[PDB]
Amino acid sequence: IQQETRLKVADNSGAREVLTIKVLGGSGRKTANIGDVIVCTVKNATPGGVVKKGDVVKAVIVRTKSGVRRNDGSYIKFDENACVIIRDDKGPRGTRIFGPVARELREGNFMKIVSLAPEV
Amino acid sequence: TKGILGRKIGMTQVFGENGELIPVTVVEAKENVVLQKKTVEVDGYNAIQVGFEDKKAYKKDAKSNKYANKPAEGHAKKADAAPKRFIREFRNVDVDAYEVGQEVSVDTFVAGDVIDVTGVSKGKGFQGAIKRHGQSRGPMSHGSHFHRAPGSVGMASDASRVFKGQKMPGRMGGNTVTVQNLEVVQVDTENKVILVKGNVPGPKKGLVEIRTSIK
Amino acid sequence: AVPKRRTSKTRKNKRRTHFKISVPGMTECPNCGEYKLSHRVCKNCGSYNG
Amino acid sequence: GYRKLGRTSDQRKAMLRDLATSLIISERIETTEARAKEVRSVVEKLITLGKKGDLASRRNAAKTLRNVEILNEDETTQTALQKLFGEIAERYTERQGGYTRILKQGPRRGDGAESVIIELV
Amino acid sequence: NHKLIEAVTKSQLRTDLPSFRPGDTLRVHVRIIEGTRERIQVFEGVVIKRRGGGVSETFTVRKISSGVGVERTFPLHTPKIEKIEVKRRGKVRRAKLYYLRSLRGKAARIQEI
RNA sequence: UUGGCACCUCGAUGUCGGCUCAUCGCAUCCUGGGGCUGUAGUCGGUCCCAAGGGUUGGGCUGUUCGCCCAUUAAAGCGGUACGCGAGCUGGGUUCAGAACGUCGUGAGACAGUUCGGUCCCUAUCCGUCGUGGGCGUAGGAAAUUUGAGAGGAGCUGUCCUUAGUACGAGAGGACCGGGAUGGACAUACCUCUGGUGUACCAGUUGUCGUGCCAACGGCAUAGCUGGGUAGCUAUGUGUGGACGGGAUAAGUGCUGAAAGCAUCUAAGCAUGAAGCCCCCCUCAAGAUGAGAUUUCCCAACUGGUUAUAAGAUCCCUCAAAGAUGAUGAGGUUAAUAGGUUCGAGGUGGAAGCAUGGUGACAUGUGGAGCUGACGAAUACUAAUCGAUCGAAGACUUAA
């Protein structure tokens, strides 16, 4: 969200917490929102998962404590930020997803996430 | 169509047809009248004066501008209309309005006329460089004594003077500002009100003039 | 800062053009007869009658 | 509030409670024009409460009014509340608001600050 | 409250939806215009706040889905909230239930009226 | 740049690197237009014209430089006292302390290295940014304006389509067009999401008070904590850089000879850039070249004077305005502010009483009671009475 924000990876990909490095899209952009691809490095992990700590990967912002406006005066505000570690295609790297995800992620091509998400 | 004059009531929100919430500004435009019709007999530029709000008739006490003085009353009788406040002048209209004063009804604006608004912006009294020009304020902790002053105000001793258009503290707001490419949400007759997508300049109770966008 | 050069007594009197003070804005009392200060109570004799 | 009186919130509120009590004790006082423009709006609402009369209307009066006793009742000792609910209220029970009036006197010496005589109508 | 603002914007006000109180448990039947069709994805949970007045009256529902609490803000008079059904009337002793945004378990319970 | 000189300054012109604020050049990093390729296409190379706008965030290091991580259309090179300390810092270098290595017999010194170490000034003139007064603009005014000029803006990616088309064995993959949608940045506003909200509501602790209980008040950052109205605000909500005409640069030419030919040039005729001039937005008639248009006032006495007219103020109530003045809204024939009666929104169920508990308490009476700035009505209070300023229209010449 901010290039120092510690996100909770809600994806079963070995990584647990990640630190934001750069918010892709724009020369000098400084804020990402739900459905925005961020470059981040893994700070914590689970023993025996493909994403080992100390590596730079890509993720998408799935939850946020500030939320989205949804174009018709309807606000959604999750309780804690979270990201899914993702590949160079708009598709997840893991196999499970934990917790809610936002519907404005479907406008992008993250249909595999919402397919895997437990609810939207 | 006929750019009219109005009074800024407030802001509200409406719901579209796909239910999209829409911020809207409410303007009242009652008692528009055309007071005079320029031609090339007068400076060579077609135009029409319209007066928006009416004053009282002539009086002898007459010490608060609510009572039309004699010159304005003459001018407003020469079109056969009550003395108006807020006389303004519209170009970019064909002279098909009458030199007489017919009511300039809001009904000329028809449900999706891209219109732009002009008004005097809200007044901020004597703001500083940060507020007035959005400059970056210096640090505040590490032994710093520079917080909100302007930066340096020129080069040292080559020019030896301060150029014009320097950004220094002074009086803010108040200027005439114009917002372009706004939309007409609805036109409510029986109140002479118009609803505009967004937010026009100036405070509430402030004069605003509407026009059809030149772009 | 310090004045680089003393102020000529012409520039002093030019700057002091607007330093004049204005009249008090007074009227004649319709009861006292003497002068009062408009919208104030007559110091000399009695009421305000407003 | 409308206008800060060159004081702080507790200090200004004490100022206004004192002025209001003194006004309804003396029924006319000479003060400064801004203090009067504020004591005006305070004592207006106090006498509205007095005109109401109910007990809650008495305990609300009893928080924005001081505790002085009026010795000069000719051996009687009214509190300010007893004064305000008997005499002031029964007096002004007809008119619908506007219970005082301010009269400018002129510039006080030592400030040049205008002096006013705020009194009960 | 300006009579002209109201006179304009008082057809937008829905008329049949019930009146709850901030602390009641609601079920909102929202609509979903994405895809090529609508559904009615009920959002349950406690009423954290009602706010404002007029056409601009919003409320907030809060539900803890799976270890994660989601809050949704809805304007009252949106035509998308098809209906609102009140399960159980809670007792809150205040207007804004913001302390519930930091409670997590059996501490975020509300009584019944 | 490293220098060379020693011309100004030793009765004093403050160093480097950052910050705030910029500004200018072009020897152009990006975007724009072209030529030539050893240019099949996507991408290049190298030249030419072009300065409109743009040209990132971090790690390390006092550092500039520099190396690296990650994006970017691009992460340009330079001047401005190596721009800017009466705008900021004091981290390095060059004040006193102390120590290491080392040179010195020694006091002590560095090729060095390390820990610590007072950064004063109320702006007179010019300059700059905002704002009033005077007079002028051949009568005295109110209002609306034109525009000579001057300032502002000017950026850009990505996805879909044409079209897997052209081009290529393949792999790959288009010009020129349309469309949608972002980044950054400008500007307007407060309906929404939020922040603030010290004369709003509620809870709660210690202590002193109103004689006691109950209910309140004072003090303790506003005692603290939970909310929040108007206003002010961004991180919130809208809008912007549209579409185009004219003259052009490098280039592309047509016609065309001097020079039977050819030849873009000599005469002539076009085309041709994010650039110039308009178009967009803003100030603008002190534009002394002081412009215009409409309406108002225009007598009485002696070359002329006078006051009064239209109108404007003084004084007063104010706020959408404000440092003050000015700007607007009003001054009783009156809704300008206060009060009053209604609401709006905010809080969250007042006091008293009845009931249940033995008691802390709970319930009903009752979405109650309170409520600063928001909307409306109401002359209850105060804008009283008065006073000042303000014209009688020069001179020629032609009609």
# chains A, B, ... in the order shown; residues from 1 in each chain; ligands from 1
>>> residues_around(residues="residue 171 in chain F", least_positions_apart="2", cutoff="12 Å", atoms="only C-alpha atoms (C1' of nucleotides)", output="PyMOL selection string")
chain F and resi 41-42+168-169+173
>>> closest_atom_pairs(of="chain B", to="chain E", cutoff="12 Å", atoms="only C-alpha atoms", output="Markdown table")
| residue | atom | partner | partner_atom | distance |
| --- | --- | --- | --- | --- |
| B:7 | CA | E:4 | CA | 11.5 |
| B:8 | CA | E:5 | CA | 10.5 |
| B:9 | CA | E:5 | CA | 7.1 |
| B:10 | CA | E:5 | CA | 7.2 |
| B:11 | CA | E:5 | CA | 7.9 |
| B:12 | CA | E:5 | CA | 7.4 |
| B:13 | CA | E:56 | CA | 6.7 |
| B:14 | CA | E:12 | CA | 6.8 |
| B:15 | CA | E:12 | CA | 6.9 |
| B:16 | CA | E:12 | CA | 9.6 |
| B:17 | CA | E:79 | CA | 9.2 |
| B:18 | CA | E:33 | CA | 8.7 |
| B:19 | CA | E:79 | CA | 6.4 |
| B:20 | CA | E:78 | CA | 8.8 |
| B:21 | CA | E:78 | CA | 8.1 |
| B:22 | CA | E:56 | CA | 11.0 |
| B:23 | CA | E:56 | CA | 10.3 |
| B:24 | CA | E:9 | CA | 10.2 |
| B:25 | CA | E:5 | CA | 9.4 |
| B:26 | CA | E:5 | CA | 6.9 |
| B:27 | CA | E:5 | CA | 9.2 |
| B:28 | CA | E:4 | CA | 8.4 |
| B:29 | CA | E:4 | CA | 11.7 |
| B:185 | CA | E:8 | CA | 11.5 |
| B:186 | CA | E:8 | CA | 9.4 |
| B:187 | CA | E:8 | CA | 9.5 |
| B:188 | CA | E:8 | CA | 7.1 |
| B:189 | CA | E:8 | CA | 9.8 |
| B:190 | CA | E:7 | CA | 9.9 |
| B:191 | CA | E:4 | CA | 7.5 |
| B:192 | CA | E:4 | CA | 9.9 |
| B:193 | CA | E:8 | CA | 7.8 |
| B:194 | CA | E:8 | CA | 9.1 |
| B:195 | CA | E:8 | CA | 8.8 |
| B:204 | CA | E:2 | CA | 11.6 |
| B:205 | CA | E:2 | CA | 11.9 |
>>> write_last_selection(atoms="N, CA and C atoms", output="mmCIF file, in the first residue's frame")
data_model
loop_
_atom_site.group_PDB
_atom_site.id
_atom_site.type_symbol
_atom_site.label_atom_id
_atom_site.label_comp_id
_atom_site.auth_asym_id
_atom_site.auth_seq_id
_atom_site.Cartn_x
_atom_site.Cartn_y
_atom_site.Cartn_z
ATOM 1 N N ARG B 7 -28.470 31.035 -8.048
ATOM 2 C CA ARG B 7 -28.039 31.159 -6.668
ATOM 3 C C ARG B 7 -27.748 29.758 -6.153
ATOM 4 N N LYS B 8 -26.565 29.577 -5.570
ATOM 5 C CA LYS B 8 -26.104 28.263 -5.132
ATOM 6 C C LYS B 8 -26.774 27.892 -3.818
ATOM 7 N N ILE B 9 -27.637 26.876 -3.837
ATOM 8 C CA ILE B 9 -28.352 26.497 -2.623
ATOM 9 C C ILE B 9 -27.482 25.616 -1.742
ATOM 10 N N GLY B 10 -27.078 24.466 -2.262
ATOM 11 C CA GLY B 10 -26.226 23.571 -1.508
ATOM 12 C C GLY B 10 -25.791 22.416 -2.374
ATOM 13 N N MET B 11 -25.457 21.301 -1.731
ATOM 14 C CA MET B 11 -25.192 20.056 -2.432
ATOM 15 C C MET B 11 -26.033 18.938 -1.844
ATOM 16 N N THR B 12 -26.336 17.959 -2.685
ATOM 17 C CA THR B 12 -27.146 16.811 -2.317
ATOM 18 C C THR B 12 -26.654 15.643 -3.161
ATOM 19 N N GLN B 13 -27.293 14.486 -3.030
ATOM 20 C CA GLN B 13 -26.975 13.374 -3.905
ATOM 21 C C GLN B 13 -28.261 12.775 -4.452
ATOM 22 N N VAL B 14 -28.178 12.294 -5.689
ATOM 23 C CA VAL B 14 -29.282 11.646 -6.378
ATOM 24 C C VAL B 14 -28.827 10.251 -6.777
ATOM 25 N N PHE B 15 -29.784 9.430 -7.185
ATOM 26 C CA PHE B 15 -29.508 8.078 -7.644
ATOM 27 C C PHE B 15 -29.911 7.964 -9.104
ATOM 28 N N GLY B 16 -29.012 7.434 -9.925
ATOM 29 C CA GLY B 16 -29.274 7.314 -11.344
ATOM 30 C C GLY B 16 -30.269 6.220 -11.670
ATOM 31 N N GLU B 17 -30.102 5.584 -12.824
ATOM 32 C CA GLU B 17 -30.983 4.500 -13.236
ATOM 33 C C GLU B 17 -30.338 3.135 -13.095
ATOM 34 N N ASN B 18 -29.019 3.063 -13.217
ATOM 35 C CA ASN B 18 -28.250 1.944 -12.703
ATOM 36 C C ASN B 18 -27.900 2.125 -11.244
ATOM 37 N N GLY B 19 -28.594 3.033 -10.566
ATOM 38 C CA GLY B 19 -28.391 3.266 -9.156
ATOM 39 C C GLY B 19 -27.075 3.902 -8.793
ATOM 40 N N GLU B 20 -26.348 4.455 -9.755
ATOM 41 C CA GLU B 20 -25.080 5.092 -9.437
ATOM 42 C C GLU B 20 -25.339 6.357 -8.638
ATOM 43 N N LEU B 21 -24.795 6.410 -7.426
ATOM 44 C CA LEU B 21 -24.876 7.617 -6.619
ATOM 45 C C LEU B 21 -24.182 8.764 -7.335
ATOM 46 N N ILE B 22 -24.849 9.914 -7.380
ATOM 47 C CA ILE B 22 -24.378 11.066 -8.130
ATOM 48 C C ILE B 22 -24.330 12.262 -7.192
ATOM 49 N N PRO B 23 -23.178 12.903 -7.008
ATOM 50 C CA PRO B 23 -23.151 14.176 -6.286
ATOM 51 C C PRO B 23 -23.682 15.277 -7.188
ATOM 52 N N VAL B 24 -24.553 16.120 -6.648
ATOM 53 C CA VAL B 24 -25.195 17.152 -7.448
ATOM 54 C C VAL B 24 -25.234 18.455 -6.667
ATOM 55 N N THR B 25 -25.048 19.554 -7.383
ATOM 56 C CA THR B 25 -25.212 20.903 -6.874
ATOM 57 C C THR B 25 -26.573 21.435 -7.290
ATOM 58 N N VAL B 26 -27.252 22.094 -6.357
ATOM 59 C CA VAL B 26 -28.587 22.630 -6.578
ATOM 60 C C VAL B 26 -28.485 24.133 -6.777
ATOM 61 N N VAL B 27 -29.052 24.626 -7.875
ATOM 62 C CA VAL B 27 -29.016 26.044 -8.205
ATOM 63 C C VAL B 27 -30.444 26.512 -8.427
ATOM 64 N N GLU B 28 -30.801 27.672 -7.879
ATOM 65 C CA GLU B 28 -32.114 28.251 -8.150
ATOM 66 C C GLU B 28 -31.961 29.407 -9.126
ATOM 67 N N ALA B 29 -32.841 29.465 -10.120
ATOM 68 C CA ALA B 29 -32.682 30.433 -11.197
ATOM 69 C C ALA B 29 -33.964 31.203 -11.471
ATOM 70 N N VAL B 185 -28.138 17.263 -14.363
ATOM 71 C CA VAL B 185 -28.792 16.047 -13.889
ATOM 72 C C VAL B 185 -30.292 16.113 -14.140
ATOM 73 N N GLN B 186 -30.925 17.198 -13.706
ATOM 74 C CA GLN B 186 -32.356 17.391 -13.854
ATOM 75 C C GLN B 186 -32.630 18.883 -13.893
ATOM 76 N N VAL B 187 -33.793 19.233 -14.425
ATOM 77 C CA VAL B 187 -34.286 20.601 -14.424
ATOM 78 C C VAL B 187 -35.684 20.563 -13.831
ATOM 79 N N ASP B 188 -35.847 21.139 -12.651
ATOM 80 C CA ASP B 188 -37.099 21.058 -11.913
ATOM 81 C C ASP B 188 -37.794 22.408 -12.021
ATOM 82 N N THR B 189 -38.789 22.474 -12.901
ATOM 83 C CA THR B 189 -39.706 23.596 -12.942
ATOM 84 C C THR B 189 -40.604 23.536 -11.704
ATOM 85 N N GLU B 190 -41.366 24.609 -11.469
ATOM 86 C CA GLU B 190 -42.156 24.813 -10.251
ATOM 87 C C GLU B 190 -41.263 25.160 -9.068
ATOM 88 N N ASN B 191 -39.956 25.118 -9.287
ATOM 89 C CA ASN B 191 -38.964 25.639 -8.369
ATOM 90 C C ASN B 191 -37.876 26.394 -9.099
ATOM 91 N N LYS B 192 -37.827 26.308 -10.427
ATOM 92 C CA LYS B 192 -36.796 26.938 -11.239
ATOM 93 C C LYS B 192 -35.406 26.487 -10.821
ATOM 94 N N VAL B 193 -35.273 25.234 -10.404
ATOM 95 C CA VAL B 193 -33.988 24.734 -9.936
ATOM 96 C C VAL B 193 -33.361 23.855 -11.002
ATOM 97 N N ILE B 194 -32.038 23.824 -10.996
ATOM 98 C CA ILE B 194 -31.262 22.980 -11.888
ATOM 99 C C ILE B 194 -30.294 22.184 -11.036
ATOM 100 N N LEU B 195 -30.042 20.942 -11.434
ATOM 101 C CA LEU B 195 -29.129 20.062 -10.724
ATOM 102 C C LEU B 195 -27.933 19.772 -11.614
ATOM 103 N N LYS B 204 -22.309 29.179 -0.460
ATOM 104 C CA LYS B 204 -23.754 29.146 -0.586
ATOM 105 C C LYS B 204 -24.288 30.568 -0.565
ATOM 106 N N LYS B 205 -25.449 30.763 -1.183
ATOM 107 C CA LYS B 205 -26.013 32.081 -1.456
ATOM 108 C C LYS B 205 -25.209 32.855 -2.485
#
>>> select_by_dssp(residues="range 1-108 of chain E", states="alpha helix (DSSP H)", output="MDAnalysis selection string")
chainID E and resid 3:8
>>> write_last_selection(atoms="N, CA and C atoms", output="CSV table (one decimal), in the first residue's frame")
chain,number,residue,atom,x,y,z
E,3,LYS,N,-35.6,24.2,2.3
E,3,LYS,CA,-36.8,23.7,1.7
E,3,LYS,C,-36.7,23.4,0.2
E,4,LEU,N,-35.8,24.1,-0.5
E,4,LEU,CA,-35.6,23.9,-1.9
E,4,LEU,C,-34.8,22.7,-2.2
E,5,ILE,N,-33.7,22.5,-1.4
E,5,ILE,CA,-33.0,21.2,-1.5
E,5,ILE,C,-33.9,20.0,-1.3
E,6,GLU,N,-34.7,20.1,-0.3
E,6,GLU,CA,-35.6,19.0,0.0
E,6,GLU,C,-36.7,18.8,-1.1
E,7,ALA,N,-37.3,19.9,-1.5
E,7,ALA,CA,-38.3,19.9,-2.6
E,7,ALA,C,-37.8,19.2,-3.8
E,8,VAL,N,-36.5,19.4,-4.2
E,8,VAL,CA,-35.9,18.7,-5.3
E,8,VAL,C,-35.7,17.2,-4.9
>>> atom_distance(atom1="CA of residue 61 in chain A", atom2="CA of residue 71 in chain E")
17.6 Å
>>> residues_around(residues="range 88-91 of chain A", least_positions_apart="3", cutoff="10 Å", atoms="only C-alpha atoms (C1' of nucleotides)", output="PyMOL selection string")
chain A and resi 37+57-60+84-85+94+108-113
>>> closest_atom_pairs(of="chain F", to="chain A", cutoff="8 Å", atoms="only C-alpha atoms (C1' of nucleotides)", output="tab-separated table")
residue	atom	partner	partner_atom	distance
F:56	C1'	A:28	CA	5.0
F:57	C1'	A:28	CA	7.3
F:70	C1'	A:22	CA	6.0
F:71	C1'	A:24	CA	6.5
F:72	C1'	A:27	CA	5.2
F:157	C1'	A:26	CA	7.4
F:183	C1'	A:26	CA	4.2
F:184	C1'	A:28	CA	6.9
F:192	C1'	A:73	CA	6.7
F:193	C1'	A:75	CA	7.8
>>> write_last_selection(atoms="C-alpha atoms (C1' of nucleotides)", output="PDB file, in the first residue's frame")
ATOM      1  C1'   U F  56      10.963   8.295  -9.221  1.00  0.00           C
ATOM      2  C1'   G F  57      11.387   5.750  -4.484  1.00  0.00           C
ATOM      3  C1'   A F  70      12.642  -1.764  -7.555  1.00  0.00           C
ATOM      4  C1'   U F  71       9.879   0.717 -11.000  1.00  0.00           C
ATOM      5  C1'   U F  72       9.887   4.413 -15.255  1.00  0.00           C
ATOM      6  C1'   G F 157       1.311   5.007 -20.097  1.00  0.00           C
ATOM      7  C1'   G F 183      -0.202   7.656 -13.070  1.00  0.00           C
ATOM      8  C1'   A F 184       1.509  12.293 -11.925  1.00  0.00           C
ATOM      9  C1'   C F 192     -20.489  10.719   0.549  1.00  0.00           C
ATOM     10  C1'   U F 193     -15.610   8.066   3.271  1.00  0.00           C
TER      11        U F 193
END
>>> residues_around(residues="range 34-48 of chain D", least_positions_apart="2", cutoff="9 Å", atoms="only C-alpha atoms (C1' of nucleotides)", output="number ranges by chain")
D: 2-3, 5, 15-17, 19-21, 23-24, 30-32, 50-52, 60-61, 64-65, 84-85, 88-89, 92, 97-102, 116-118; F: 338-340
>>> write_last_selection(atoms="C-alpha atoms (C1' of nucleotides)", output="PDB file, in the first residue's frame")
ATOM      1  CA  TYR D   2     -19.619  33.281  19.193  1.00  0.00           C
ATOM      2  CA  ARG D   3     -16.663  35.418  20.272  1.00  0.00           C
ATOM      3  CA  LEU D   5     -13.504  37.276  25.038  1.00  0.00           C
ATOM      4  CA  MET D  15     -16.717  35.567  33.606  1.00  0.00           C
ATOM      5  CA  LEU D  16     -20.134  35.122  32.016  1.00  0.00           C
ATOM      6  CA  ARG D  17     -21.726  33.377  35.000  1.00  0.00           C
ATOM      7  CA  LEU D  19     -21.813  38.933  34.870  1.00  0.00           C
ATOM      8  CA  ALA D  20     -25.206  37.232  34.533  1.00  0.00           C
ATOM      9  CA  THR D  21     -25.645  36.879  38.288  1.00  0.00           C
ATOM     10  CA  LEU D  23     -27.051  41.676  36.125  1.00  0.00           C
ATOM     11  CA  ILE D  24     -30.037  39.907  37.660  1.00  0.00           C
ATOM     12  CA  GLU D  30     -21.952  49.101  33.095  1.00  0.00           C
ATOM     13  CA  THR D  31     -19.585  46.828  31.186  1.00  0.00           C
ATOM     14  CA  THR D  32     -17.702  46.570  27.885  1.00  0.00           C
ATOM     15  CA  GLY D  50     -37.309  31.181  34.799  1.00  0.00           C
ATOM     16  CA  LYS D  51     -40.489  31.736  32.799  1.00  0.00           C
ATOM     17  CA  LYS D  52     -40.800  27.968  32.331  1.00  0.00           C
ATOM     18  CA  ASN D  60     -30.682  23.983  35.008  1.00  0.00           C
ATOM     19  CA  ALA D  61     -30.820  27.621  36.088  1.00  0.00           C
ATOM     20  CA  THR D  64     -25.164  28.726  35.174  1.00  0.00           C
ATOM     21  CA  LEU D  65     -25.768  31.147  38.024  1.00  0.00           C
ATOM     22  CA  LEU D  84     -35.009  35.063  39.203  1.00  0.00           C
ATOM     23  CA  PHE D  85     -38.010  32.780  39.543  1.00  0.00           C
ATOM     24  CA  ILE D  88     -37.870  38.691  37.193  1.00  0.00           C
ATOM     25  CA  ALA D  89     -40.084  35.961  35.758  1.00  0.00           C
ATOM     26  CA  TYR D  92     -41.540  39.625  32.114  1.00  0.00           C
ATOM     27  CA  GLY D  97     -38.111  37.412  24.256  1.00  0.00           C
ATOM     28  CA  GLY D  98     -35.932  40.474  24.189  1.00  0.00           C
ATOM     29  CA  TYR D  99     -35.570  41.112  27.906  1.00  0.00           C
ATOM     30  CA  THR D 100     -32.603  43.504  28.026  1.00  0.00           C
ATOM     31  CA  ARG D 101     -31.171  46.488  26.168  1.00  0.00           C
ATOM     32  CA  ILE D 102     -27.640  47.812  25.714  1.00  0.00           C
ATOM     33  CA  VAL D 116     -22.372  50.105  27.750  1.00  0.00           C
ATOM     34  CA  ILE D 117     -25.224  50.022  30.240  1.00  0.00           C
ATOM     35  CA  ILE D 118     -26.894  46.639  29.899  1.00  0.00           C
TER      36      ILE D 118
ATOM     37  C1'   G F 338     -29.670  38.732  19.582  1.00  0.00           C
ATOM     38  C1'   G F 339     -34.032  36.553  22.062  1.00  0.00           C
ATOM     39  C1'   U F 340     -38.699  33.544  21.171  1.00  0.00           C
TER      40        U F 340
END
>>> interface_residues(of="chain E", to="chain A", cutoff="10 Å", atoms="only C-alpha atoms", output="PyMOL selection string")
chain E and resi 34+41+56+58-62+64-75+78+80+101-102
>>> write_last_selection(atoms="N, CA, C and O atoms", output="CSV table (one decimal), in the first residue's frame")
chain,number,residue,atom,x,y,z
E,34,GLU,N,-23.1,-7.2,-11.7
E,34,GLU,CA,-22.0,-7.7,-12.5
E,34,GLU,C,-22.4,-8.9,-13.3
E,34,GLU,O,-23.5,-9.5,-13.1
E,41,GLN,N,-27.2,-11.3,-2.7
E,41,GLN,CA,-26.2,-11.8,-1.8
E,41,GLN,C,-26.4,-11.2,-0.5
E,41,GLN,O,-26.0,-10.1,-0.2
E,56,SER,N,-29.0,11.6,2.1
E,56,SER,CA,-27.7,11.2,2.4
E,56,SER,C,-27.6,10.4,3.7
E,56,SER,O,-26.8,10.8,4.6
E,58,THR,N,-26.7,7.1,5.6
E,58,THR,CA,-26.0,5.9,5.4
E,58,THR,C,-26.1,5.0,6.7
E,58,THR,O,-26.5,5.6,7.8
E,59,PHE,N,-25.8,3.8,6.6
E,59,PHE,CA,-25.7,2.9,7.7
E,59,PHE,C,-24.5,1.9,7.4
E,59,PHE,O,-24.1,1.8,6.3
E,60,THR,N,-24.0,1.3,8.4
E,60,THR,CA,-22.9,0.3,8.3
E,60,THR,C,-23.3,-1.0,9.0
E,60,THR,O,-23.8,-1.0,10.1
E,61,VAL,N,-23.1,-2.1,8.2
E,61,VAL,CA,-23.3,-3.4,8.8
E,61,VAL,C,-21.9,-4.0,9.0
E,61,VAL,O,-21.0,-3.7,8.2
E,62,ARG,N,-21.8,-4.8,10.0
E,62,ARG,CA,-20.5,-5.5,10.3
E,62,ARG,C,-20.7,-7.0,10.5
E,62,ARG,O,-21.6,-7.3,11.4
E,64,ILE,N,-18.4,-10.8,10.9
E,64,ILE,CA,-17.1,-11.5,11.0
E,64,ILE,C,-17.3,-12.8,10.2
E,64,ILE,O,-18.0,-13.7,10.6
E,65,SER,N,-16.6,-12.8,9.0
E,65,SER,CA,-16.9,-14.0,8.1
E,65,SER,C,-16.1,-15.2,8.5
E,65,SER,O,-16.7,-16.2,8.8
E,66,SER,N,-14.8,-15.1,8.4
E,66,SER,CA,-14.0,-16.2,8.8
E,66,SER,C,-12.6,-15.6,9.3
E,66,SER,O,-11.7,-15.4,8.5
E,67,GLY,N,-12.6,-15.4,10.6
E,67,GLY,CA,-11.5,-14.7,11.2
E,67,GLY,C,-11.3,-13.3,10.8
E,67,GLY,O,-10.4,-12.6,11.3
E,68,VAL,N,-12.1,-12.8,9.8
E,68,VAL,CA,-11.9,-11.4,9.3
E,68,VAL,C,-13.3,-10.8,9.3
E,68,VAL,O,-14.3,-11.3,8.8
E,69,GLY,N,-13.3,-9.6,9.9
E,69,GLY,CA,-14.6,-8.8,9.9
E,69,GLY,C,-14.6,-7.8,8.8
E,69,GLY,O,-13.7,-7.1,8.5
E,70,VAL,N,-15.8,-7.8,8.1
E,70,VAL,CA,-16.0,-6.9,7.0
E,70,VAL,C,-17.2,-6.0,7.4
E,70,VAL,O,-18.2,-6.5,7.9
E,71,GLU,N,-17.0,-4.7,7.1
E,71,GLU,CA,-18.0,-3.7,7.3
E,71,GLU,C,-18.4,-3.2,5.9
E,71,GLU,O,-17.6,-3.0,5.0
E,72,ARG,N,-19.7,-3.0,5.7
E,72,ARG,CA,-20.2,-2.5,4.5
E,72,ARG,C,-21.1,-1.3,4.8
E,72,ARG,O,-22.0,-1.4,5.6
E,73,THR,N,-20.9,-0.2,4.1
E,73,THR,CA,-21.6,1.0,4.2
E,73,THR,C,-22.6,1.1,3.1
E,73,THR,O,-22.3,1.0,1.9
E,74,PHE,N,-23.9,1.3,3.4
E,74,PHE,CA,-25.0,1.4,2.4
E,74,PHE,C,-25.7,2.7,2.7
E,74,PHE,O,-26.1,3.0,3.8
E,75,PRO,N,-25.9,3.5,1.7
E,75,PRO,CA,-27.0,4.6,1.8
E,75,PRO,C,-28.3,3.9,2.0
E,75,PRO,O,-28.6,2.8,1.5
E,78,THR,N,-30.7,3.7,-1.4
E,78,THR,CA,-30.3,3.1,-2.6
E,78,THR,C,-31.4,2.1,-3.1
E,78,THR,O,-31.9,1.4,-2.3
E,80,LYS,N,-30.8,-0.5,-4.6
E,80,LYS,CA,-30.2,-1.8,-4.7
E,80,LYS,C,-30.5,-2.6,-3.4
E,80,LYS,O,-30.5,-3.8,-3.5
E,101,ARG,N,-15.3,-2.6,16.9
E,101,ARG,CA,-14.4,-2.8,15.8
E,101,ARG,C,-13.0,-3.3,16.3
E,101,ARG,O,-12.1,-3.6,15.5
E,102,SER,N,-12.9,-3.4,17.7
E,102,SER,CA,-11.7,-3.9,18.3
E,102,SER,C,-11.9,-5.2,19.1
E,102,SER,O,-11.0,-5.8,19.6
>>> residues_around(residues="range 42-48 of chain E", least_positions_apart="5", cutoff="9 Å", atoms="only C-alpha atoms (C1' of nucleotides)", output="MDAnalysis selection string")
chainID E and resid 20:31 59:64 71:72 90 95:98 100:101 110
>>> interface_residues(of="chain F", to="chain B", cutoff="9 Å", atoms="only C-alpha atoms (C1' of nucleotides)", output="MDAnalysis selection string")
chainID F and resid 19:23 80:81 83:84 87:89 126:131 141:146 151 187:192 237:240 242:243 280:282 292:296 310:311 320:323 329:331 333
>>> select_by_dssp(residues="range 49-101 of chain D", states="strand (DSSP E or B)", output="ChimeraX atom specification")
/D:69-70,78-79,100-101
>>> write_last_selection(atoms="C-alpha atoms", output="mmCIF file, in the first residue's frame")
data_model
loop_
_atom_site.group_PDB
_atom_site.id
_atom_site.type_symbol
_atom_site.label_atom_id
_atom_site.label_comp_id
_atom_site.auth_asym_id
_atom_site.auth_seq_id
_atom_site.Cartn_x
_atom_site.Cartn_y
_atom_site.Cartn_z
ATOM 1 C CA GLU D 69 -27.585 36.374 48.769
ATOM 2 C CA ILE D 70 -29.515 39.626 48.462
ATOM 3 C CA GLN D 78 -33.158 35.953 48.762
ATOM 4 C CA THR D 79 -30.819 33.784 46.798
ATOM 5 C CA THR D 100 -32.603 43.504 28.026
ATOM 6 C CA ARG D 101 -31.171 46.488 26.168
#
